[PDB]
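**Q** According to the entry's author numbering, the stretch in the sequence shown is residues 3 to 23, 29 to 65, 86 to 157, 161 to 391, in order.
C-beta: ideal position from N, C-alpha, C; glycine also.
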Amino acid sequence: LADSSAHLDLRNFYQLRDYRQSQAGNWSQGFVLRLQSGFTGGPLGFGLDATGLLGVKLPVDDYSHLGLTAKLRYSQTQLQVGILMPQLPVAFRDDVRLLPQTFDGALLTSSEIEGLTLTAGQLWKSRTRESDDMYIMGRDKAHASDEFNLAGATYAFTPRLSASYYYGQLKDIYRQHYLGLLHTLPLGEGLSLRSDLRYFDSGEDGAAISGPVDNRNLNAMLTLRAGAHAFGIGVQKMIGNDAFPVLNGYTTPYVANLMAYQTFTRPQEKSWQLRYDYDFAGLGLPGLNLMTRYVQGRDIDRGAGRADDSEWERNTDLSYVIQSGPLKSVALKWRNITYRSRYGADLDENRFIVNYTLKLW
């Protein structure tokens, strides 16, 4: 049993919001207990993981759940059945709040052939700190489905160039095709251009119990890395009459212009991003990083014959991984969020998040 391990992930989360068309605060604490067995010896290996989740309001117990995950392994192929945290282009579980969003399902991954990863899965339920079954975020939770089917392939053509295709199907609600092209171009010592191009095509599926689904999503992130600096531009475009479909539960839309508050995927929205990163290591402060980014959106469809909405958001994050002493490896994050829109809400918000992972064995 020496290959087994246990960890406890701790998250302390404080947010001060000023939302209006009101200054309210929130302090809370997350625990994620991860138990992972090793694998039963032999060609076909067997294992068992357990994931325990607890959210506490700051103290009153707010949310708890315990899930198990059976795992099988053979050569380069793995099957997991039970609690899952998928991080896939058509289902990228949320983890920017207190606790990670989880799913129950079965996920098969296989990397038998050099440079090729194949994925096939089915998710049956979504769980968040807030009566299950899945639906498009923003639509009728009464017209839900217990079956999300996914299949994918990623191929590294060269170590500079890889491509990905994924298919997501929420049975009887929607279908989604994803195409991604990732190109990294070296440009001299400490220099590289990362081109991250993404395309989603979303339509209805089966009985279409939540109504029509019409969205194509074109988005790209170009990132110039230079020594300890990084400079990025993002462009994103919603086409069709619908917002970009994601699974309910604040699942993260896998998109270039995703921000701390808004996703910039509203119906017909066109947006661009500027982002700057700095690693302070060279300056003598390893573990300290600055990220600041700004996204501006327009042409947001408000229907009828109304004027389109428009919006902007700025995010500034200062993050610090403590390098030594009793709190070594404790991570701190200060996030400043500023958001304005023409016809909707305005927001100012500060968050302070402390993360730490304790190894139990």
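I need the DSSP call for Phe-46, collapsed to helix, strand or coil.
**A** Locating residue 46 in the sequence shown gives position 39, where the first residue counts as 1. The answer is coil: DSSP assigns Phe-46 none of H, G, I, E or B.
**Q** With respect to the beta strand (DSSP E) encompassing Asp-11, which residues constitute its N-terminal and C-terminal limits?
**A** For the purposes of this step, residue 11 is taken as the residue at position 9 of the sequence shown. Residues 7-22.
**Q** Please report the Cβ distance between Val-360 and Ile-352, rounded to the nearest whole angstrom; I am assuming they are in contact, meaning their Cβ atoms lie under 8 angstroms.
**A** As a working note, residue 360 is residue 330 in the sequence shown. As a working note, residue 352 is residue 322 in the sequence shown. So it is a contact: roughly 5 angstroms between Cβ atoms.
**Q** How close, in whole Å, do the beta carbons of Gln-149 and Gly-168 come, if the pair is a contact with beta carbons under 8 angstroms?
**A** Position 122 of the sequence shown holds residue 149. Position 138 of the sequence shown holds residue 168. Actually they are not in contact, since the Cβ atoms of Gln-149 and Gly-168 sit about 23 angstroms apart, beyond 8 angstroms.
**Q** Write down the C-beta distance between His-92 and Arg-154 rounded to the nearest angstrom, noting that I regard them as a contact closer than 8 angstroms.
**A** Sequence index remark: in the sequence shown, residue 92 carries index 65 (1-based). Sequence index remark: in the sequence shown, residue 154 carries index 127 (1-based). About 6 angstroms; that satisfies the 8 angstroms criterion.
**Q** For the segment 308-326 and the segment 258-268, state whether three or more C-beta atom pairs, one from each stretch, are separated by less than 8 angstroms.
**A** Because the criterion of three Cβ pairs below 8 angstroms is met, the segment 308-326 and the segment 258-268 touch.
**Q** Would you kindly report the start and end of the unbroken beta strand (DSSP E) that includes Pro-216?
**A** In the sequence shown, counting from the first residue as 1, residue 216 sits at position 186. Taken as a continuous stretch (DSSP letters only), the beta strand (DSSP E) holding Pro-216 covers 204-216.
**Q** Using 10 angstroms around the beta-carbon of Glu-141, count the other beta-carbons present and answer buried if the total reaches 16, otherwise exposed.
**A** Stepping through the sequence shown from its first residue, residue 141 is reached at position 114. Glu-141 should be labelled exposed.
**Q** Assign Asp-339 to buried or exposed, taking buried as 16 or more other Cβ atoms, counted over all protein chains shown, within 10 Å of its Cβ.
**A** Counted from its first residue, the sequence shown places residue 339 at position 309. Answer is buried; the Cβ neighbour count reaches 16.
**Q** Excluding five sequence neighbours on each side, which residues of the same chain lie with their C-beta closer than 6 angstroms to the C-beta of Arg-344?
**A** As a working mapping, residue 344 is identified with position 314 in the sequence shown. Hits under 6 angstroms: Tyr-324 and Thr-368.
**Q** Can you name the residues that DSSP bridges to residue 85?
**A** Between 65 and 86, the chain has no modelled residues, and residue 85 is one of the positions in that gap.
**Q** Using a Cβ-Cβ cutoff of less than 7 angstroms, which residues in the same chain neighbour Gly-109 once the five nearest sequence positions on both sides are dropped?
**A** Taking the sequence shown and counting its residues from 1, one reaches residue 109 at position 82. Result list for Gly-109: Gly-94, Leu-95, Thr-96, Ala-97 and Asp-131, in chain order.
**Q** According to DSSP, simplified to helix, strand and coil, what is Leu-313?
**A** On the sequence shown, position 283 is the one that residue 313 refers to. Correct three-state label for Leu-313: helix.
**Q** So, is the C-beta of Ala-334 closer than 8 angstroms to a C-beta in chain B?
**A** Looking for chain B here will not work: only one protein chain is present.
**Q** Can you give me the C-alpha to C-alpha distance between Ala-286 and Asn-249, rounded to a whole angstrom?
**A** On the sequence shown, position 256 is the one that residue 286 refers to. On the sequence shown, position 219 is the one that residue 249 refers to. Looking at the two C-alpha atoms, the distance is approximately 6 angstroms.
**Q** Does the distance from the CB of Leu-254 to the CB of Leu-10 come in under 8 angstroms?
**A** As a first step, residue 254 is located in the sequence shown; it is residue number 224 there, counting from the start. As a first step, residue 10 is located in the sequence shown; it is residue number 8 there, counting from the start. Their beta carbons are not under 8 angstroms apart, which means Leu-254 does not touch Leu-10 by this criterion.
**Q** Does DSSP put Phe-274 in a helix, in a strand, or in coil?
**A** Counting from one through the sequence shown, the residue named residue 274 turns up at place 244. It is coil, neither helix nor strand.
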